[PDB]
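**Q** Have a peek at entry16.pdb (PDB, C-alpha atoms).
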```
ATOM      1  CA  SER A   1     155.162 204.791 103.420
ATOM      2  CA  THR A   2     157.458 203.251 106.012
ATOM      3  CA  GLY A   3     157.454 200.330 108.403
ATOM      4  CA  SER A   4     159.301 199.597 111.634
ATOM      5  CA  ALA A   5     159.351 196.279 113.471
ATOM      6  CA  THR A   6     161.274 194.940 116.431
ATOM      7  CA  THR A   7     163.262 191.773 115.918
ATOM      8  CA  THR A   8     164.058 189.504 118.881
ATOM      9  CA  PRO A   9     166.637 186.731 119.427
ATOM     10  CA  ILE A  10     165.055 183.278 119.644
ATOM     11  CA  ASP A  11     167.388 182.156 122.430
ATOM     12  CA  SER A  12     170.206 183.303 124.713
ATOM     13  CA  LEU A  13     172.894 182.818 122.010
ATOM     14  CA  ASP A  14     171.231 184.895 119.282
ATOM     15  CA  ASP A  15     171.004 181.754 117.089
ATOM     16  CA  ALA A  16     168.395 183.606 115.014
ATOM     17  CA  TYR A  17     166.004 186.561 115.216
ATOM     18  CA  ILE A  18     162.214 186.638 114.837
ATOM     19  CA  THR A  19     160.026 189.493 113.729
ATOM     20  CA  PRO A  20     156.224 189.595 113.964
ATOM     21  CA  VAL A  21     154.461 189.689 110.618
ATOM     22  CA  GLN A  22     150.726 190.153 110.044
ATOM     23  CA  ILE A  23     149.291 187.882 107.320
ATOM     24  CA  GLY A  24     145.725 187.865 106.019
ATOM     25  CA  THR A  25     142.379 189.352 106.996
ATOM     26  CA  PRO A  26     141.764 189.401 109.898
ATOM     27  CA  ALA A  27     145.481 189.458 110.669
ATOM     28  CA  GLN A  28     147.218 186.247 111.645
ATOM     29  CA  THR A  29     150.469 187.170 113.358
ATOM     30  CA  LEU A  30     153.415 184.851 112.752
ATOM     31  CA  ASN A  31     156.994 185.285 113.943
ATOM     32  CA  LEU A  32     159.257 185.061 110.910
ATOM     33  CA  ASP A  33     162.993 184.825 110.391
ATOM     34  CA  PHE A  34     163.963 187.787 108.197
ATOM     35  CA  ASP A  35     166.617 186.431 105.848
ATOM     36  CA  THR A  36     168.630 188.693 103.548
ATOM     37  CA  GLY A  37     170.214 185.550 102.110
ATOM     38  CA  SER A  38     167.035 184.085 100.539
ATOM     39  CA  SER A  39     163.989 185.333  98.703
ATOM     40  CA  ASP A  40     161.004 183.222  99.708
ATOM     41  CA  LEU A  41     158.359 184.219 102.259
ATOM     42  CA  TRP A  42     157.136 180.855 103.540
ATOM     43  CA  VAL A  43     155.144 179.847 106.582
ATOM     44  CA  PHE A  44     154.056 176.942 108.669
ATOM     45  CA  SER A  45     150.389 176.450 107.799
ATOM     46  CA  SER A  46     147.190 174.445 108.025
ATOM     47  CA  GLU A  47     148.634 172.444 105.117
ATOM     48  CA  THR A  48     151.905 171.476 106.824
ATOM     49  CA  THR A  49     152.201 167.734 107.457
ATOM     50  CA  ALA A  50     150.862 167.515 110.996
ATOM     51  CA  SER A  51     153.745 165.349 112.252
ATOM     52  CA  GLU A  52     156.178 168.038 111.084
ATOM     53  CA  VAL A  53     154.552 170.759 113.212
ATOM     54  CA  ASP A  54     155.780 171.118 116.817
ATOM     55  CA  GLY A  55     154.729 174.315 118.583
ATOM     56  CA  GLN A  56     154.782 176.737 115.670
ATOM     57  CA  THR A  57     151.987 179.203 114.969
ATOM     58  CA  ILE A  58     150.408 178.337 111.639
ATOM     59  CA  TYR A  59     148.834 180.375 108.864
ATOM     60  CA  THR A  60     145.368 179.152 107.910
ATOM     61  CA  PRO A  61     144.501 180.598 104.471
ATOM     62  CA  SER A  62     140.870 179.461 104.655
ATOM     63  CA  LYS A  63     140.373 181.873 107.576
ATOM     64  CA  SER A  64     141.662 184.869 105.558
ATOM     65  CA  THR A  65     139.222 186.772 103.357
ATOM     66  CA  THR A  66     142.076 188.119 101.261
ATOM     67  CA  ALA A  67     143.942 184.827 100.672
ATOM     68  CA  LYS A  68     144.057 183.634  97.081
ATOM     69  CA  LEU A  69     145.462 180.347  95.851
ATOM     70  CA  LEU A  70     148.017 180.785  93.097
ATOM     71  CA  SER A  71     146.717 178.044  90.803
ATOM     72  CA  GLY A  72     149.239 175.298  90.076
ATOM     73  CA  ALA A  73     152.123 177.114  91.751
ATOM     74  CA  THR A  74     154.648 175.234  93.845
ATOM     75  CA  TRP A  75     157.834 176.081  95.707
ATOM     76  CA  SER A  76     160.814 174.155  97.058
ATOM     77  CA  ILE A  77     163.884 175.539  98.816
ATOM     78  CA  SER A  78     167.119 174.159 100.240
ATOM     79  CA  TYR A  79     169.255 176.315 102.514
ATOM     80  CA  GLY A  80     173.035 176.388 103.021
ATOM     81  CA  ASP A  81     172.715 174.469 106.288
ATOM     82  CA  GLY A  82     170.966 171.592 104.557
ATOM     83  CA  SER A  83     167.483 172.417 105.820
ATOM     84  CA  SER A  84     164.572 172.537 103.383
ATOM     85  CA  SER A  85     160.859 173.106 102.918
ATOM     86  CA  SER A  86     158.277 172.991 100.128
ATOM     87  CA  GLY A  87     154.606 173.538  99.372
ATOM     88  CA  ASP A  88     152.022 175.536  97.414
ATOM     89  CA  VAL A  89     151.432 179.257  97.058
ATOM     90  CA  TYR A  90     148.911 181.867  98.153
ATOM     91  CA  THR A  91     148.868 185.610  97.827
ATOM     92  CA  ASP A  92     147.613 187.610 100.771
ATOM     93  CA  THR A  93     147.966 190.920 102.538
ATOM     94  CA  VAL A  94     151.201 191.081 104.519
ATOM     95  CA  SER A  95     152.124 193.833 106.967
ATOM     96  CA  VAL A  96     155.440 194.409 108.702
ATOM     97  CA  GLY A  97     155.647 197.118 111.361
ATOM     98  CA  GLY A  98     152.843 199.167 109.832
ATOM     99  CA  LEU A  99     153.919 198.690 106.189
ATOM    100  CA  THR A 100     151.346 196.822 104.124
ATOM    101  CA  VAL A 101     151.806 194.923 100.852
ATOM    102  CA  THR A 102     148.716 193.609  99.122
ATOM    103  CA  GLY A 103     148.991 190.490  96.946
ATOM    104  CA  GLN A 104     152.217 189.252  98.546
ATOM    105  CA  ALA A 105     153.196 185.682  97.684
ATOM    106  CA  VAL A 106     152.890 183.654 100.893
ATOM    107  CA  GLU A 107     154.381 180.236 100.390
ATOM    108  CA  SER A 108     152.527 177.628 102.403
ATOM    109  CA  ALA A 109     154.654 174.693 103.596
ATOM    110  CA  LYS A 110     153.375 171.181 103.006
ATOM    111  CA  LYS A 111     156.711 169.733 104.147
ATOM    112  CA  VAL A 112     159.528 171.060 106.338
ATOM    113  CA  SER A 113     162.797 169.371 107.343
ATOM    114  CA  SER A 114     163.596 168.374 110.911
ATOM    115  CA  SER A 115     165.543 171.509 111.843
ATOM    116  CA  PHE A 116     162.460 173.626 111.171
ATOM    117  CA  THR A 117     160.118 171.317 113.102
ATOM    118  CA  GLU A 118     162.506 171.327 116.030
ATOM    119  CA  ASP A 119     162.531 175.130 116.219
ATOM    120  CA  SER A 120     159.207 176.004 117.838
ATOM    121  CA  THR A 121     160.043 179.729 117.835
ATOM    122  CA  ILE A 122     160.279 180.214 114.070
ATOM    123  CA  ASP A 123     156.967 180.169 112.185
ATOM    124  CA  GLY A 124     158.591 180.731 108.790
ATOM    125  CA  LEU A 125     161.001 182.880 106.792
ATOM    126  CA  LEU A 126     160.721 186.233 105.098
ATOM    127  CA  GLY A 127     163.330 186.505 102.371
ATOM    128  CA  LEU A 128     164.987 189.819 101.630
ATOM    129  CA  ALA A 129     167.574 188.884  99.002
ATOM    130  CA  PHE A 130     166.883 189.619  95.346
ATOM    131  CA  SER A 131     163.732 188.186  93.807
ATOM    132  CA  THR A 132     165.773 186.313  91.204
ATOM    133  CA  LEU A 133     166.385 183.621  93.885
ATOM    134  CA  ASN A 134     162.683 183.077  94.546
ATOM    135  CA  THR A 135     161.796 179.407  94.088
ATOM    136  CA  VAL A 136     158.129 179.585  93.084
ATOM    137  CA  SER A 137     157.349 177.718  89.879
ATOM    138  CA  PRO A 138     156.221 178.120  87.151
ATOM    139  CA  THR A 139     156.447 181.891  87.696
ATOM    140  CA  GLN A 140     158.855 183.399  90.219
ATOM    141  CA  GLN A 141     157.353 185.717  92.823
ATOM    142  CA  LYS A 142     158.632 188.958  94.339
ATOM    143  CA  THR A 143     159.920 189.494  97.841
ATOM    144  CA  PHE A 144     158.120 191.674 100.352
ATOM    145  CA  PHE A 145     160.740 194.398  99.880
ATOM    146  CA  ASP A 146     160.499 194.300  96.076
ATOM    147  CA  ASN A 147     156.709 194.660  96.277
ATOM    148  CA  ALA A 148     156.915 197.442  98.872
ATOM    149  CA  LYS A 149     159.718 199.416  97.157
ATOM    150  CA  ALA A 150     157.799 201.813  94.925
ATOM    151  CA  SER A 151     155.593 202.786  97.860
ATOM    152  CA  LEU A 152     158.442 203.428 100.282
ATOM    153  CA  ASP A 153     159.608 206.958 101.070
ATOM    154  CA  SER A 154     163.087 205.737 100.141
ATOM    155  CA  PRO A 155     163.880 202.345  98.509
ATOM    156  CA  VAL A 156     165.758 200.907 101.486
ATOM    157  CA  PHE A 157     165.505 198.708 104.494
ATOM    158  CA  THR A 158     167.794 198.608 107.494
ATOM    159  CA  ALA A 159     168.887 195.881 109.876
ATOM    160  CA  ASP A 160     169.864 196.816 113.398
ATOM    161  CA  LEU A 161     170.342 193.497 115.172
ATOM    162  CA  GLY A 162     170.924 193.378 118.907
ATOM    163  CA  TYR A 163     173.571 191.532 120.866
ATOM    164  CA  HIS A 164     171.627 189.434 123.393
ATOM    165  CA  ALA A 165     168.831 191.974 122.928
ATOM    166  CA  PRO A 166     166.059 193.092 120.591
ATOM    167  CA  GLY A 167     166.804 195.164 117.507
ATOM    168  CA  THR A 168     164.941 196.718 114.607
ATOM    169  CA  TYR A 169     164.115 196.232 110.950
ATOM    170  CA  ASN A 170     163.061 199.478 109.271
ATOM    171  CA  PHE A 171     161.593 199.900 105.795
ATOM    172  CA  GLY A 172     161.652 203.085 103.762
ATOM    173  CA  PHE A 173     163.785 205.323 105.985
ATOM    174  CA  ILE A 174     167.146 205.642 107.754
ATOM    175  CA  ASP A 175     166.911 206.264 111.514
ATOM    176  CA  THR A 176     169.790 208.716 111.982
ATOM    177  CA  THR A 177     169.575 208.234 115.779
ATOM    178  CA  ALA A 178     170.333 204.502 115.528
ATOM    179  CA  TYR A 179     174.067 204.687 114.789
ATOM    180  CA  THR A 180     177.233 206.605 115.688
ATOM    181  CA  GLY A 181     179.330 208.518 113.186
ATOM    182  CA  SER A 182     178.543 208.160 109.521
ATOM    183  CA  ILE A 183     177.308 205.414 107.242
ATOM    184  CA  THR A 184     179.843 204.185 104.692
ATOM    185  CA  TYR A 185     178.327 202.793 101.531
ATOM    186  CA  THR A 186     179.924 200.121  99.359
ATOM    187  CA  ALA A 187     179.075 198.474  96.020
ATOM    188  CA  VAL A 188     176.824 195.447  95.669
ATOM    189  CA  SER A 189     176.807 192.763  93.007
ATOM    190  CA  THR A 190     173.411 191.155  92.396
ATOM    191  CA  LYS A 191     174.782 188.600  89.918
ATOM    192  CA  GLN A 192     174.261 185.705  92.338
ATOM    193  CA  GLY A 193     171.010 187.120  93.803
ATOM    194  CA  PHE A 194     172.575 188.115  97.120
ATOM    195  CA  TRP A 195     173.584 191.327  98.843
ATOM    196  CA  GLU A 196     177.144 190.579  97.788
ATOM    197  CA  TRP A 197     179.918 193.041  98.516
ATOM    198  CA  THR A 198     183.674 193.237  99.040
ATOM    199  CA  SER A 199     185.122 193.938 102.450
ATOM    200  CA  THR A 200     188.423 195.823 102.378
ATOM    201  CA  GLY A 201     190.145 193.722 105.028
ATOM    202  CA  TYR A 202     190.355 192.731 108.673
ATOM    203  CA  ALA A 203     192.098 193.030 112.011
ATOM    204  CA  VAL A 204     192.342 190.691 114.980
ATOM    205  CA  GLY A 205     192.041 192.386 118.352
ATOM    206  CA  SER A 206     194.441 195.308 118.610
ATOM    207  CA  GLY A 207     196.388 194.084 115.578
ATOM    208  CA  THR A 208     197.146 196.254 112.589
ATOM    209  CA  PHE A 209     194.421 196.113 109.929
ATOM    210  CA  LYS A 210     195.275 193.921 106.911
ATOM    211  CA  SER A 211     194.109 195.405 103.630
ATOM    212  CA  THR A 212     192.753 192.553 101.507
ATOM    213  CA  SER A 213     189.606 192.016  99.439
ATOM    214  CA  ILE A 214     187.035 189.645 100.911
ATOM    215  CA  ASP A 215     183.987 189.034  98.734
ATOM    216  CA  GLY A 216     180.957 187.924 100.769
ATOM    217  CA  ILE A 217     177.256 188.305 101.413
ATOM    218  CA  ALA A 218     175.309 190.213 104.070
ATOM    219  CA  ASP A 219     173.063 187.457 105.442
ATOM    220  CA  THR A 220     170.776 188.048 108.400
ATOM    221  CA  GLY A 221     169.588 184.424 108.159
ATOM    222  CA  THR A 222     173.022 182.966 108.963
ATOM    223  CA  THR A 223     174.092 182.942 112.624
ATOM    224  CA  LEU A 224     177.855 183.049 112.384
ATOM    225  CA  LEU A 225     180.615 184.862 110.492
ATOM    226  CA  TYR A 226     182.186 182.638 107.791
ATOM    227  CA  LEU A 227     185.440 183.834 106.273
ATOM    228  CA  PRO A 228     188.417 182.415 104.419
ATOM    229  CA  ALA A 229     190.505 179.854 106.297
ATOM    230  CA  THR A 230     193.535 182.170 106.330
ATOM    231  CA  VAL A 231     191.580 184.903 108.114
ATOM    232  CA  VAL A 232     189.905 182.527 110.544
ATOM    233  CA  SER A 233     193.208 180.837 111.426
ATOM    234  CA  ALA A 234     194.770 184.229 112.157
ATOM    235  CA  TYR A 235     191.883 185.027 114.508
ATOM    236  CA  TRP A 236     191.888 181.813 116.545
ATOM    237  CA  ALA A 237     195.704 181.762 116.771
ATOM    238  CA  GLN A 238     195.245 184.687 119.175
ATOM    239  CA  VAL A 239     193.053 182.641 121.550
ATOM    240  CA  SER A 240     194.852 180.405 124.025
ATOM    241  CA  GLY A 241     193.735 176.798 123.735
ATOM    242  CA  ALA A 242     191.654 177.357 120.605
ATOM    243  CA  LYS A 243     191.658 174.645 117.961
ATOM    244  CA  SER A 244     189.700 173.438 114.957
ATOM    245  CA  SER A 245     187.720 170.332 115.920
ATOM    246  CA  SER A 246     186.476 168.070 113.112
ATOM    247  CA  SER A 247     184.220 166.221 115.572
ATOM    248  CA  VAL A 248     182.534 169.366 116.892
ATOM    249  CA  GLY A 249     182.527 170.919 113.425
ATOM    250  CA  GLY A 250     184.603 174.051 113.816
ATOM    251  CA  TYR A 251     186.826 176.158 116.015
ATOM    252  CA  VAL A 252     186.328 175.700 119.721
ATOM    253  CA  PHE A 253     188.051 177.372 122.656
ATOM    254  CA  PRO A 254     188.125 177.205 126.449
ATOM    255  CA  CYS A 255     185.011 178.925 127.785
ATOM    256  CA  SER A 256     187.283 180.804 130.242
ATOM    257  CA  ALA A 257     189.125 182.517 127.380
ATOM    258  CA  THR A 258     189.026 186.254 126.791
ATOM    259  CA  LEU A 259     188.225 186.610 123.082
ATOM    260  CA  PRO A 260     189.789 189.371 121.007
ATOM    261  CA  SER A 261     187.610 191.598 118.886
ATOM    262  CA  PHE A 262     187.468 191.182 115.109
ATOM    263  CA  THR A 263     187.390 194.139 112.723
ATOM    264  CA  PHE A 264     186.183 194.094 109.128
ATOM    265  CA  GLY A 265     186.623 196.846 106.566
ATOM    266  CA  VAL A 266     183.891 198.693 104.720
ATOM    267  CA  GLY A 267     185.732 200.928 102.296
ATOM    268  CA  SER A 268     187.957 203.107 104.459
ATOM    269  CA  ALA A 269     185.657 202.569 107.441
ATOM    270  CA  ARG A 270     185.873 199.821 110.067
ATOM    271  CA  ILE A 271     183.309 197.758 112.009
ATOM    272  CA  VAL A 272     184.543 196.236 115.248
ATOM    273  CA  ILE A 273     182.955 193.007 116.489
ATOM    274  CA  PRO A 274     183.520 192.770 120.237
ATOM    275  CA  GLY A 275     185.099 189.540 121.472
ATOM    276  CA  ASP A 276     181.977 188.586 123.454
ATOM    277  CA  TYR A 277     179.925 188.462 120.228
ATOM    278  CA  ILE A 278     182.167 185.636 119.042
ATOM    279  CA  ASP A 279     181.323 183.368 122.023
ATOM    280  CA  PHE A 280     178.541 180.871 121.225
ATOM    281  CA  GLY A 281     178.715 178.986 124.453
ATOM    282  CA  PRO A 282     179.401 175.416 125.551
ATOM    283  CA  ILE A 283     179.638 172.888 122.739
ATOM    284  CA  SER A 284     177.242 170.779 124.821
ATOM    285  CA  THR A 285     175.474 171.403 128.119
ATOM    286  CA  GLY A 286     177.958 171.536 130.991
ATOM    287  CA  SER A 287     181.075 171.553 128.800
ATOM    288  CA  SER A 288     183.981 173.868 129.534
ATOM    289  CA  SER A 289     184.710 174.004 125.762
ATOM    290  CA  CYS A 290     182.921 176.678 123.785
ATOM    291  CA  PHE A 291     182.031 177.091 120.117
ATOM    292  CA  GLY A 292     183.413 180.020 118.163
ATOM    293  CA  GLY A 293     181.371 182.556 116.222
ATOM    294  CA  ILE A 294     183.952 183.047 113.468
ATOM    295  CA  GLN A 295     184.334 179.925 111.325
ATOM    296  CA  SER A 296     185.910 178.959 108.006
ATOM    297  CA  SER A 297     183.871 179.397 104.803
ATOM    298  CA  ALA A 298     185.994 176.735 103.096
ATOM    299  CA  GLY A 299     183.529 174.272 101.647
ATOM    300  CA  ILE A 300     180.609 176.722 101.633
ATOM    301  CA  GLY A 301     181.780 178.344  98.403
ATOM    302  CA  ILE A 302     181.081 181.855  99.625
ATOM    303  CA  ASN A 303     181.982 184.072 102.563
ATOM    304  CA  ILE A 304     179.042 185.018 104.787
ATOM    305  CA  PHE A 305     178.736 188.098 106.924
ATOM    306  CA  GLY A 306     176.088 186.619 109.188
ATOM    307  CA  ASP A 307     174.544 187.845 112.415
ATOM    308  CA  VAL A 308     177.827 187.845 114.353
ATOM    309  CA  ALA A 309     179.104 190.555 111.999
ATOM    310  CA  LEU A 310     175.871 192.338 111.180
ATOM    311  CA  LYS A 311     174.777 192.836 114.810
ATOM    312  CA  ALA A 312     177.938 194.896 115.350
ATOM    313  CA  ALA A 313     176.602 197.437 112.825
ATOM    314  CA  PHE A 314     173.672 199.445 111.584
ATOM    315  CA  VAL A 315     173.225 198.074 108.078
ATOM    316  CA  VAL A 316     171.505 199.747 105.135
ATOM    317  CA  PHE A 317     170.189 197.575 102.315
ATOM    318  CA  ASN A 318     169.791 200.143  99.588
ATOM    319  CA  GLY A 319     167.477 198.832  96.878
ATOM    320  CA  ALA A 320     167.903 201.775  94.535
ATOM    321  CA  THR A 321     168.283 201.086  90.804
ATOM    322  CA  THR A 322     171.923 200.353  91.541
ATOM    323  CA  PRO A 323     171.807 198.641  94.959
ATOM    324  CA  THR A 324     174.435 199.361  97.620
ATOM    325  CA  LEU A 325     175.142 198.399 101.221
ATOM    326  CA  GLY A 326     175.792 200.812 104.030
ATOM    327  CA  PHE A 327     177.479 200.137 107.349
ATOM    328  CA  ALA A 328     177.779 202.281 110.456
ATOM    329  CA  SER A 329     179.050 201.625 113.946
ATOM    330  CA  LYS A 330     176.493 201.911 116.727
TER     331      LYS A 330
END
```
In structure tokens, how does this file's structure come out?

**A**
Amino acid sequence: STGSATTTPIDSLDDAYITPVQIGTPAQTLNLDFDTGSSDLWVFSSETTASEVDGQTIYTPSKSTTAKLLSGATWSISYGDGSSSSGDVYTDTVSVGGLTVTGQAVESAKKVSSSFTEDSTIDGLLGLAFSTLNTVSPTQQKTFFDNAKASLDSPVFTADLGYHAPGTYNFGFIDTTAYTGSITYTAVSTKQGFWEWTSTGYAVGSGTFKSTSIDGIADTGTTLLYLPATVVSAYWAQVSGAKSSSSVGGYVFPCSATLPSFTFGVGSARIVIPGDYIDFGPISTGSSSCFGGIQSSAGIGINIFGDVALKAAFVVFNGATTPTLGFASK
């Protein structure tokens, strides 16, 4: 089997991407944030505290003939940005782009934090990291990809995020028409539950590539690119008027600036992030100061190859017995 679904930016900055997911019988279609940095599939629902729902489409398990309550099960998650959610647990039939998993754990939110309530476009998350991070208790549950794996033509999914445009998540096959040149594969460590890999270095604009190991995670659920302070300083030093602002919360630059590209290494291959991808717009409405898309990971505890980096590539998440990551230009 295979599946193929279009993923769409939620706003004009590509702050996140949503992908339609069919849950239950008859299908209830919710738009979920596919997140390769977490491992819970959770949804706004008929059980979510009413005052914490603001425009989202909700899953109503009592209207699904295939929903089953996982007796006594609970879940509770906190994300790197400080957001959180919690609730109880159902299993139900879940389909993504034609690919169906029966008995998928669907985590129903009873409570969500303000940042989720305030985002009317995101009806929940679909986690695609390793199932060892799943937060269901007393028994951890498997991700959609883990459940689907044995049925897939090949044990892979791919992320092909668009810049200010729709993209694609594919399951079970590599679309050889979706990238230029070849895919370079690189080792993954699953020790922390993430798609964790080591980049071979970086370049700023037309600068000579610096060979240096940068351990980080491929995380479709994080907007920006977070890298060591040394690397990030070297980047913004090439932008006139750029500075790190403690009040804004990161590097900012004059909106009139021409941003250099940023290159990261994948083995001996190179992925080039165009300068425009690094522009996340006015720091507030009407401001002539803009927020940068490359920020320091200092304080996070890990480097994160988020959407800013991933949308510059066709990315293979290879869930073979020994997982790997593949990157191609496109």

**Q** Using the chain letters and numbers from this file, what does the PyMOL selection byres ((chain A and resi 206) around 12) select? Give the answer as an mmCIF file with C-alpha atoms, keeping the file's coordinate frame.

**A**
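This went into expr-v7.cif:
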```cif
data_model
loop_
_atom_site.group_PDB
_atom_site.id
_atom_site.type_symbol
_atom_site.label_atom_id
_atom_site.label_comp_id
_atom_site.auth_asym_id
_atom_site.auth_seq_id
_atom_site.Cartn_x
_atom_site.Cartn_y
_atom_site.Cartn_z
ATOM 1 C CA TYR A 202 190.355 192.731 108.673
ATOM 2 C CA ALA A 203 192.098 193.030 112.011
ATOM 3 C CA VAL A 204 192.342 190.691 114.980
ATOM 4 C CA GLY A 205 192.041 192.386 118.352
ATOM 5 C CA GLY A 207 196.388 194.084 115.578
ATOM 6 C CA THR A 208 197.146 196.254 112.589
ATOM 7 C CA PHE A 209 194.421 196.113 109.929
ATOM 8 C CA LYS A 210 195.275 193.921 106.911
ATOM 9 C CA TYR A 235 191.883 185.027 114.508
ATOM 10 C CA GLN A 238 195.245 184.687 119.175
ATOM 11 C CA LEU A 259 188.225 186.610 123.082
ATOM 12 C CA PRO A 260 189.789 189.371 121.007
ATOM 13 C CA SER A 261 187.610 191.598 118.886
ATOM 14 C CA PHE A 262 187.468 191.182 115.109
ATOM 15 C CA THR A 263 187.390 194.139 112.723
ATOM 16 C CA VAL A 272 184.543 196.236 115.248
ATOM 17 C CA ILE A 273 182.955 193.007 116.489
ATOM 18 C CA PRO A 274 183.520 192.770 120.237
ATOM 19 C CA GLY A 275 185.099 189.540 121.472
#
```

**Q** Taking only C-alpha atoms into account, which of A:250, A:82, A:221, A:281 comes nearest residue A:33?

**A** A:221

**Q** Set out as CSV a contact list for stretch 84-111 of chain A and stretch 155-178 of chain A with a cut-off of 12 Å, giving each residue of stretch 84-111 of chain A that qualifies its closest atom pair and distance in Å to one decimal, counting all atoms listed in the file, ordered by chain and rising residue number.

**A**
```
residue,atom,partner,partner_atom,distance
A:95,CA,A:171,CA,11.3
A:96,CA,A:171,CA,8.7
A:97,CA,A:170,CA,8.1
A:98,CA,A:171,CA,9.7
A:99,CA,A:171,CA,7.8
A:100,CA,A:171,CA,10.8
```

**Q** Since we have the selection now, will you write its residues out, keeping C-alpha atoms, as a PDB file, in the frame of the given file?

**A**
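The result, written out as again08.pdb:
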```
ATOM      1  CA  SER A  95     152.124 193.833 106.967  1.00  0.00           C
ATOM      2  CA  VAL A  96     155.440 194.409 108.702  1.00  0.00           C
ATOM      3  CA  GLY A  97     155.647 197.118 111.361  1.00  0.00           C
ATOM      4  CA  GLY A  98     152.843 199.167 109.832  1.00  0.00           C
ATOM      5  CA  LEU A  99     153.919 198.690 106.189  1.00  0.00           C
ATOM      6  CA  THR A 100     151.346 196.822 104.124  1.00  0.00           C
TER       7      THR A 100
END
```

**Q** Using all atoms listed in the file for the distances, tell me which of A:292, A:87, A:267, A:20 is nearest to residue A:57.

**A**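 Comparing A:292, A:87, A:267, A:20 against residue A:57, the winner is A:20.
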
**Q** For residue A:319, please output as a PyMOL selection string all residues within 12 Å (counting only C-alpha atoms; exclusion window: fewer than 2 positions along the same chain).

**A** chain A and resi 128-131+145-150+152+154-158+171-173+187-190+194-195+316-317+321-326

**Q** Compile the contact shell of residue A:233 as a list in words: residues with an atom at most 12 Å away, counting only C-alpha atoms, same-chain residues fewer than 6 positions apart removed.

**A** residues 204, 226, 227, 239, 242, 243, 244, 250, 251, 252, 292, 294, 295, 296, 297 and 298 of chain A

**Q** Axis-aligned box over every listed atom of stretch 254-261 of chain A, padded by 3 Å per side: centre and edges in Å to one decimal, as JSON?

**A**
```
{"center_x": 187.4, "center_y": 184.4, "center_z": 124.6, "size_x": 10.8, "size_y": 20.4, "size_z": 17.4}
```

**Q** Using only C-alpha atoms, which of A:35, A:52, A:47, A:307 sits nearest residue A:224?

**A** A:307

**Q** Please, what distance in Å, to one decimal, runs between atom CA of residue A:23 and atom CA of residue A:310?

**A**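 Atom CA of residue A:23 sits 27.2 Å away from atom CA of residue A:310.
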